[PDB]
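Written out below as structure tokens is the structure these notes cover.
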Amino acid sequence: XXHXXXX
Amino acid sequence: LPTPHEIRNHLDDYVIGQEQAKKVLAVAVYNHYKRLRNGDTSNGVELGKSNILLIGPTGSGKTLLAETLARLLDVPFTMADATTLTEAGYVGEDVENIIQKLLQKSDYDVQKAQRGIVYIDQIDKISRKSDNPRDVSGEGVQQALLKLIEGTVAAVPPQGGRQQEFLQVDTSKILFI
Amino acid sequence: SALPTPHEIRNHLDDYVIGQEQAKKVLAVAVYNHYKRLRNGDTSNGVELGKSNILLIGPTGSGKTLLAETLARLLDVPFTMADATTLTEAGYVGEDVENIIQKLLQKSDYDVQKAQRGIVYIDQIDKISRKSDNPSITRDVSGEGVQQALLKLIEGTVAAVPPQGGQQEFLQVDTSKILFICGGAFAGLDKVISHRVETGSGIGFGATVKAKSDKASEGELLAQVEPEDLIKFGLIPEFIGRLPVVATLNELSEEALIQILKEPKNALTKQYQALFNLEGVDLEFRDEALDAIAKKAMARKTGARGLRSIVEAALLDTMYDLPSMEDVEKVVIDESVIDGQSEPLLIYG
Amino acid sequence: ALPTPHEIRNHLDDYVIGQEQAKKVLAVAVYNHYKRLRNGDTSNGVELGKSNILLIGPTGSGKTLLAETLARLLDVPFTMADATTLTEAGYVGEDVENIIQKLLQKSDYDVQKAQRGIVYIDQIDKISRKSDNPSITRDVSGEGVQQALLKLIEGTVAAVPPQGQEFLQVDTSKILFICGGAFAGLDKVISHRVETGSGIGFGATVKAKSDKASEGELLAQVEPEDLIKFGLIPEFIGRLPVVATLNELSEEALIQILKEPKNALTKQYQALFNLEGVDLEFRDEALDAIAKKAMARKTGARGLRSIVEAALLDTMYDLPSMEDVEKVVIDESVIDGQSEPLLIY
Amino acid sequence: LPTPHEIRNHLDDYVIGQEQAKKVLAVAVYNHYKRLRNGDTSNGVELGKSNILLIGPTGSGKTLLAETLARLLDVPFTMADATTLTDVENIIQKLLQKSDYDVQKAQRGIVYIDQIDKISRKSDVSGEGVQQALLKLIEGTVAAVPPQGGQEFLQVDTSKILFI
Ligand SMILES: Nc1ncnc2c1ncn2[C@@H]1O[C@H](COP(=O)(O)OP(=O)(O)OP(O)(O)=S)[C@@H](O)[C@H]1O
Ligand SMILES: Nc1ncnc2c1ncn2[C@@H]1O[C@H](COP(=O)(O)OP(=O)(O)OP(O)(O)=S)[C@@H](O)[C@H]1O
Ligand SMILES: Nc1ncnc2c1ncn2[C@@H]1O[C@H](COP(=O)(O)OP(=O)(O)OP(O)(O)=S)[C@@H](O)[C@H]1O
Ligand SMILES: Nc1ncnc2c1ncn2[C@@H]1O[C@H](COP(=O)(O)OP(=O)(O)O)[C@@H](O)[C@H]1O
């Protein structure tokens, strides 16, 4: 569905 | 038909505080139409494309110039938005829809639509920010728009169909702001 | 319907594992008691029969992952073998916790009533643990956060899984009676426990110096493991409370390796015998060579898995030219061959 | 039929120069891989184990060459991925499952055929735990990838989108992995440990270390504990029991690689000259000079192309236009640039 | 079909002040394209794959050389950048966007990269990320690319594709 990207 | 002296005066009636910008638009607007009067018939080959890039702060009259120009100019005008634009049309919109709205203003007149003007607001919205990625409003939008801005014929169903046919409306002639 | 007993199931696992009597006893009681809780499907006076998960702790290559694999063979009820490195906290790109339940249904053929009574195994559980203390200003998405999500899963709840890939419907599967066996290899746990128990000091005059005479990491620094020790390692009390039982596995001893080469049906030596048999040459291992391999293996400190390096490298030169050779009835490996001083002896016909 | 280890060694011999020990490992490994497929499930022995390969050597030694040339005569599915891209799950960089994706494409989406394939990994040294690093931090690039790969090498099932909202399960226990890469500073690590054991005081004895560089022979004495100091995890090393040591190219290795291989630049350049009808010959004086320049620059075999290209850069401009030139001779002066090559009519 | 002398004249028509650069591209392009014609019929199989590197001050026409050459030879050319990279797939699909359908026609295309010094290894995730990643790209490989965005994936070889 959506997008997730982090660190 | 286009006049750079008079057009500057006409914009002055509706816009104030930007004198240099009026001179720039009059040259590009005059040059773009002059090119189409005699298309690629001059001796000069590989003529540079005439386009416009508006850059100014908030409340500077960017949206205002598009409205005033549309009223003064005879060819049909359109006012689109980049936020609605999405790549590969998942649920938001498609780039080809911009051409459909242009025909509605031109009443499905290809000869009259190719000489139209295009203005896209919030150009910064399509800025590619893919540091942490898929991206539907970033590179995908700019890539599709660049293909259209380059000049290509795109299939557009005229009237939607009652046919399985589409018209190959040119794009290099149409101007973009 | 006579179910197996711990002595019977232990005999099966004993055929595949050696020197793990402490840990094998735990799996037998759980599997044994798991059928009792299953038989009493809300048909007993005692409602909400307690649950007792298992935590298999052991060194590298000690056979933790091997126990769960061999267990599934003789097990009638379903089983699974998942991991935790690919798990992410609440919807990240990596994976969701519901993927574990999807695997269980593939083995049970999407049988909800049959999958709820299944068993679950997880590997590398220690990897998902915040190394830092409680503050954790940066929000790690693969550390202790993953453990927090599993709390609802272990306690018992219902998740959403599409059937066979899809309808706009989902399947609710309870986890109240589903067992979990989270086994992982913990590194540096011996140092943390020494500070709490040994409390050694040797600078001052009054304080006594141990002089490197303390117990080994596996000898006495694993059996007396307590929840409070794991908090310093980075686990959350809430996660450990869900796993009361603990199983401590000792490091493979010199004598243990000798048995592992011969007693198991899947031992490496047996595998080479079958592989060499296909070529047509018999394989015989001398007793001197077997013990020598054990001495070399311990130096590597890689566990049972390190044994393959010693055997394969030693016989690499032999396997390279054995197919070309013809009418070779037998192949025997001498003690010197393990060291590499001398080449193996071959018999021709 | 099935190729024998000797049979496959001679095939690699044409494309591989100066690597004797490495050919034996890949030959025995690949040969064993076939038996495990056939003998497996049709022999008294059951649950046949697996053994992977770990290639270690300097840069430009031919590690990447072995992975490609082997696939030509093998005919089974093969792939090539990079570890550096891989990152711990849940992060922006990449995921470990990606590696499986490429393998399927090479097998035309054949799960039964992809499990029987081979995989190679380059630049493996870039993922090592940083001993000297702040405690509170996470090496998703180096440590996370290793942790995630542990279960993959042992054998398991991972979700894979078929063809790139459904996934396909593909076993991995039968799949083979060949990790390889240059390890900078490893020579000092191994040297220390094997020669560490001596004090500085009067009573303490002194070892006679540092007798020889032993670059080609020091990597051969590698052990798993030496890699722990480097940054590798003991669990990851256990998954790769076999080890391979590739020495640096010899002073005259470049000379042999120029002539003996069928894919050498000399033969390749001759093909370009041959189609035009002009023969191309390289003398011994010219070739040895190039070898000295290559080693002096320390670029390696990879940089060898530059020397040949520059030497013929000016001359190649007019060869097609020129006529009545049946043969061309290359001289040492031509490589140096002192004089132009002579034309034979 | 062209020759190094003829291409040099054509190159001089639109470019000036760079004489040594013309001879480099003429032989490299002529030889590289020659490989496509001969293929593997010759004894020297597995030939080709020679990359071109350009180092010069800004405004020297480095990009113009590729674009002018692409027009002279009528070969598709794309102008990608490495500064954006921290994807690799974007570079491959980019070239395909010229015609959106190429099996044995995009393999002979040319690509140009700008600001190659940015990726220099500082001594630092910003640098050295790209160089290790570009190794497999330059050495040749095949990457999945959805043609036109869409349900069948397309495989395109990269070894034939030349890089500048
Ligand atoms: N240059 C201007 N001269 C006079 N009035 C202006 C000017 N710019 C904005 N205004 C006033 O502000 C109103 C809205 O102006 P807009 O053009 O919509 O502002 P804008 O910042 O150009 O919009 P954006 O940023 O392109 S969405 C107009 O109806 C005017 O009343
Ligand atoms: N008790 C044992 N008896 C026989 N072989 C064993 C034993 N323990 C380990 N092995 C061997 O070691 C291999 C790997 O066992 P594993 O279960 O993976 O050990 P491990 O401690 O679980 O490693 P991890 O947990 O993945 S770090 C097995 O396939 C056997 O060949
Ligand atoms: N040992 C070798 N024997 C023969 N040719 C070699 C050797 N090493 C390199 N070459 C030549 O140099 C080319 C490049 O070699 P590579 O396989 O890239 O070396 P490398 O050590 O694998 O580099 P990496 O993998 O990036 S560390 C080969 O295609 C051969 O032409
Ligand atoms: N010799 C030349 N003749 C004509 N135009 C040139 C020449 N050299 C550079 N240019 C101009 O420079 C522009 C390209 O600059 P470029 O080489 O891309 O700069 P940079 O290398 O800094 O990116 C083109 O628009 C082109 O018109």
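A note on labels: chains of the structure tokens are A, B, ... as shown, every chain counts residues from 1, and ligands are counted from 1 in their shown order.
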
Within 9 Å of ligand 4 (counting only C-alpha atoms and all ligand atoms), which residues show up? I'd like them as a VMD selection string.
chain E and resid 12 14 to 18 55 to 65 114 to 115

Using only C-alpha atoms, find the residues of chain B whose closest atom to chain E is at most 10 Å away, then write them as a short mmCIF file (atom, residue, chain, number, x, y, z; two decimals) with N, CA, C and O atoms, in the first residue's frame.
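Okay, iface.cif is ready:
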```
data_model
loop_
_atom_site.label_atom_id
_atom_site.label_comp_id
_atom_site.auth_asym_id
_atom_site.auth_seq_id
_atom_site.Cartn_x
_atom_site.Cartn_y
_atom_site.Cartn_z
N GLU B 87 2.39 8.76 -11.26
CA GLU B 87 3.00 7.93 -12.29
C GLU B 87 2.24 6.62 -12.43
O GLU B 87 1.72 6.07 -11.45
N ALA B 88 2.20 6.13 -13.67
CA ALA B 88 1.49 4.90 -14.05
C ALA B 88 0.04 4.87 -13.56
O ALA B 88 -0.54 3.79 -13.41
N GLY B 89 -0.56 6.04 -13.35
CA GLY B 89 -1.96 6.19 -12.98
C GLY B 89 -2.55 5.20 -11.98
O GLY B 89 -3.51 4.52 -12.35
N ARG B 128 12.42 15.59 -7.26
CA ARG B 128 12.79 14.22 -6.93
C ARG B 128 13.47 14.18 -5.58
O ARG B 128 14.61 14.65 -5.43
N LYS B 129 12.78 13.62 -4.59
CA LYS B 129 13.31 13.43 -3.24
C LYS B 129 13.04 11.96 -2.95
O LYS B 129 12.00 11.61 -2.38
N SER B 130 13.98 11.11 -3.36
CA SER B 130 13.89 9.66 -3.20
C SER B 130 15.01 9.13 -2.32
O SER B 130 15.51 8.03 -2.55
N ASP B 131 15.43 9.91 -1.32
CA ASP B 131 16.50 9.46 -0.44
C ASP B 131 16.11 8.17 0.26
O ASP B 131 16.88 7.20 0.27
N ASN B 132 14.92 8.13 0.85
CA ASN B 132 14.43 6.92 1.50
C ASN B 132 13.22 6.41 0.71
O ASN B 132 12.09 6.85 0.96
N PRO B 133 13.41 5.48 -0.24
CA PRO B 133 12.30 4.93 -1.02
C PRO B 133 11.68 3.69 -0.38
O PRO B 133 11.84 2.60 -0.93
N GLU B 139 10.45 10.90 -9.09
CA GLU B 139 11.06 10.67 -10.40
C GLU B 139 10.03 10.22 -11.43
O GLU B 139 10.12 10.61 -12.60
N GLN B 143 9.80 12.06 -14.96
CA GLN B 143 10.19 11.27 -16.12
C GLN B 143 9.10 11.29 -17.18
O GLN B 143 9.38 11.46 -18.37
N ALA B 144 7.84 11.11 -16.76
CA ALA B 144 6.73 11.13 -17.71
C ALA B 144 6.55 12.52 -18.30
O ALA B 144 6.32 12.66 -19.51
N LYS B 147 9.16 13.32 -20.94
CA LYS B 147 8.86 12.66 -22.21
C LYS B 147 7.85 13.48 -23.00
O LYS B 147 7.99 13.65 -24.21
#
```

Quick check: residues of chain D within 9 Å of chain E, only C-alpha atoms, returned as a ChimeraX atom specification.
/D:80-82,84-85,102,105,123,163-164,262-265,267-272,275,305,313-314,316-318,320-321

Write to file, as a PDB file, in the first residue's frame, the residues of the selection just made, with C-alpha atoms.
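To be explicit, this is the file written out as result_8.pdb:
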```pdb
ATOM      1  CA  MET D  80      25.990 -13.008  -9.732  1.00  0.00           C
ATOM      2  CA  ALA D  81      25.002 -10.558  -6.984  1.00  0.00           C
ATOM      3  CA  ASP D  82      26.768  -8.029  -4.760  1.00  0.00           C
ATOM      4  CA  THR D  84      27.414  -4.433  -0.461  1.00  0.00           C
ATOM      5  CA  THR D  85      23.907  -3.541  -1.632  1.00  0.00           C
ATOM      6  CA  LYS D 102      18.163 -12.660  -9.880  1.00  0.00           C
ATOM      7  CA  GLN D 105      15.464 -14.828 -13.863  1.00  0.00           C
ATOM      8  CA  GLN D 123      33.090  -7.842  -2.231  1.00  0.00           C
ATOM      9  CA  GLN D 163       8.349 -12.499 -11.515  1.00  0.00           C
ATOM     10  CA  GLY D 164       8.978  -9.474  -9.272  1.00  0.00           C
ATOM     11  CA  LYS D 262      41.906 -18.013 -25.822  1.00  0.00           C
ATOM     12  CA  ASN D 263      40.236 -14.826 -24.507  1.00  0.00           C
ATOM     13  CA  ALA D 264      43.477 -12.862 -24.103  1.00  0.00           C
ATOM     14  CA  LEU D 265      43.700  -9.334 -25.480  1.00  0.00           C
ATOM     15  CA  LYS D 267      43.979 -12.850 -29.645  1.00  0.00           C
ATOM     16  CA  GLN D 268      41.070 -10.415 -29.300  1.00  0.00           C
ATOM     17  CA  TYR D 269      43.036  -7.624 -30.976  1.00  0.00           C
ATOM     18  CA  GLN D 270      44.176 -10.050 -33.678  1.00  0.00           C
ATOM     19  CA  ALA D 271      40.519 -10.757 -34.477  1.00  0.00           C
ATOM     20  CA  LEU D 272      39.909  -7.047 -35.063  1.00  0.00           C
ATOM     21  CA  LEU D 275      38.802  -9.315 -40.246  1.00  0.00           C
ATOM     22  CA  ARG D 305      43.984  -2.923 -21.271  1.00  0.00           C
ATOM     23  CA  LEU D 313      45.635   4.441 -29.951  1.00  0.00           C
ATOM     24  CA  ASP D 314      47.422   6.596 -32.527  1.00  0.00           C
ATOM     25  CA  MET D 316      44.684   2.326 -35.118  1.00  0.00           C
ATOM     26  CA  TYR D 317      43.341   5.653 -36.458  1.00  0.00           C
ATOM     27  CA  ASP D 318      44.526   5.017 -40.054  1.00  0.00           C
ATOM     28  CA  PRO D 320      41.237   0.891 -42.136  1.00  0.00           C
ATOM     29  CA  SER D 321      42.043   3.678 -44.602  1.00  0.00           C
TER      30      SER D 321
END
```

Closest atom pairs, chain B residues within 6 Å of ligand 1, only C-alpha atoms and all ligand atoms, as a tab-separated table:
```
residue	atom	partner	partner_atom_place_in_ligand_line	distance
B:15	CA	ligand 1	3 (N)	4.7
B:16	CA	ligand 1	3 (N)	4.9
B:58	CA	ligand 1	21 (O)	3.8
B:59	CA	ligand 1	21 (O)	3.2
B:60	CA	ligand 1	8 (N)	4.3
B:61	CA	ligand 1	8 (N)	3.4
B:62	CA	ligand 1	22 (O)	3.7
B:63	CA	ligand 1	17 (O)	3.7
B:64	CA	ligand 1	17 (O)	4.1
```

Saved selection, atoms kept: N, CA, C and O atoms, as a PDB file, in the first residue's frame:
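Output saved as again.pdb:
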```pdb
ATOM      1  N   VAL B  15      -1.492  43.344 -13.434  1.00  0.00           N
ATOM      2  CA  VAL B  15      -0.349  42.988 -12.601  1.00  0.00           C
ATOM      3  C   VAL B  15       0.516  44.220 -12.391  1.00  0.00           C
ATOM      4  O   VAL B  15       0.696  45.028 -13.308  1.00  0.00           O
ATOM      5  N   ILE B  16       1.049  44.362 -11.176  1.00  0.00           N
ATOM      6  CA  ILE B  16       1.894  45.491 -10.809  1.00  0.00           C
ATOM      7  C   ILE B  16       3.056  44.984  -9.964  1.00  0.00           C
ATOM      8  O   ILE B  16       2.922  44.024  -9.201  1.00  0.00           O
ATOM      9  N   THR B  58       5.997  33.642  -2.881  1.00  0.00           N
ATOM     10  CA  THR B  58       4.563  33.485  -2.702  1.00  0.00           C
ATOM     11  C   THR B  58       3.856  34.822  -2.889  1.00  0.00           C
ATOM     12  O   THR B  58       4.389  35.886  -2.563  1.00  0.00           O
ATOM     13  N   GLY B  59       2.639  34.758  -3.424  1.00  0.00           N
ATOM     14  CA  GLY B  59       1.862  35.960  -3.655  1.00  0.00           C
ATOM     15  C   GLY B  59       2.483  36.921  -4.641  1.00  0.00           C
ATOM     16  O   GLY B  59       2.118  38.100  -4.660  1.00  0.00           O
ATOM     17  N   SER B  60       3.416  36.450  -5.465  1.00  0.00           N
ATOM     18  CA  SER B  60       4.079  37.289  -6.450  1.00  0.00           C
ATOM     19  C   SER B  60       3.279  37.450  -7.734  1.00  0.00           C
ATOM     20  O   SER B  60       3.640  38.295  -8.561  1.00  0.00           O
ATOM     21  N   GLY B  61       2.219  36.670  -7.919  1.00  0.00           N
ATOM     22  CA  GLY B  61       1.399  36.745  -9.107  1.00  0.00           C
ATOM     23  C   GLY B  61       1.622  35.644 -10.116  1.00  0.00           C
ATOM     24  O   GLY B  61       1.285  35.835 -11.290  1.00  0.00           O
ATOM     25  N   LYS B  62       2.183  34.505  -9.704  1.00  0.00           N
ATOM     26  CA  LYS B  62       2.404  33.409 -10.642  1.00  0.00           C
ATOM     27  C   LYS B  62       1.079  32.900 -11.186  1.00  0.00           C
ATOM     28  O   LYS B  62       0.890  32.790 -12.403  1.00  0.00           O
ATOM     29  N   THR B  63       0.144  32.588 -10.290  1.00  0.00           N
ATOM     30  CA  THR B  63      -1.174  32.133 -10.713  1.00  0.00           C
ATOM     31  C   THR B  63      -1.945  33.250 -11.402  1.00  0.00           C
ATOM     32  O   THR B  63      -2.808  32.980 -12.245  1.00  0.00           O
ATOM     33  N   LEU B  64      -1.641  34.503 -11.064  1.00  0.00           N
ATOM     34  CA  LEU B  64      -2.343  35.631 -11.664  1.00  0.00           C
ATOM     35  C   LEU B  64      -1.958  35.812 -13.126  1.00  0.00           C
ATOM     36  O   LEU B  64      -2.817  36.108 -13.964  1.00  0.00           O
TER      37      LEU B  64
END
```

At a cut-off of 6 Å, can you tabulate as a tab-separated table every residue of chain D near ligand 3 together with its closest atom pair and the distance in Å to one decimal, using only C-alpha atoms and all ligand atoms and ordering rows by chain then number?
```
residue	atom	partner	partner_atom_place_in_ligand_line	distance
D:16	CA	ligand 3	3 (N)	4.4
D:17	CA	ligand 3	3 (N)	4.0
D:18	CA	ligand 3	1 (N)	5.7
D:59	CA	ligand 3	27 (S)	4.1
D:60	CA	ligand 3	21 (O)	3.0
D:61	CA	ligand 3	21 (O)	3.7
D:62	CA	ligand 3	8 (N)	3.3
D:63	CA	ligand 3	22 (O)	3.5
D:64	CA	ligand 3	17 (O)	3.5
D:65	CA	ligand 3	17 (O)	3.7
D:181	CA	ligand 3	27 (S)	5.5
D:182	CA	ligand 3	27 (S)	5.5
D:257	CA	ligand 3	4 (C)	5.6
D:301	CA	ligand 3	12 (O)	4.9
D:302	CA	ligand 3	12 (O)	5.1
```

May I have the selected residues written with C-alpha atoms, as a PDB file, in the first residue's frame?
```
ATOM      1  CA  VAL D  16      42.510 -19.480 -15.725  1.00  0.00           C
ATOM      2  CA  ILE D  17      46.277 -18.951 -15.475  1.00  0.00           C
ATOM      3  CA  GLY D  18      48.324 -19.339 -12.300  1.00  0.00           C
ATOM      4  CA  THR D  59      42.459  -7.878  -6.021  1.00  0.00           C
ATOM      5  CA  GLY D  60      42.552  -8.757  -9.700  1.00  0.00           C
ATOM      6  CA  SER D  61      43.526 -12.358  -8.937  1.00  0.00           C
ATOM      7  CA  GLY D  62      40.742 -13.916 -11.039  1.00  0.00           C
ATOM      8  CA  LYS D  63      37.969 -14.519  -8.518  1.00  0.00           C
ATOM      9  CA  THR D  64      35.270 -12.938 -10.684  1.00  0.00           C
ATOM     10  CA  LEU D  65      36.696 -14.773 -13.702  1.00  0.00           C
ATOM     11  CA  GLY D 181      36.479 -10.981  -1.982  1.00  0.00           C
ATOM     12  CA  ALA D 182      39.750  -9.219  -1.209  1.00  0.00           C
ATOM     13  CA  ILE D 257      47.841 -14.551 -19.654  1.00  0.00           C
ATOM     14  CA  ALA D 301      45.715  -7.157 -14.713  1.00  0.00           C
ATOM     15  CA  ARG D 302      42.579  -5.005 -14.895  1.00  0.00           C
TER      16      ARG D 302
END
```
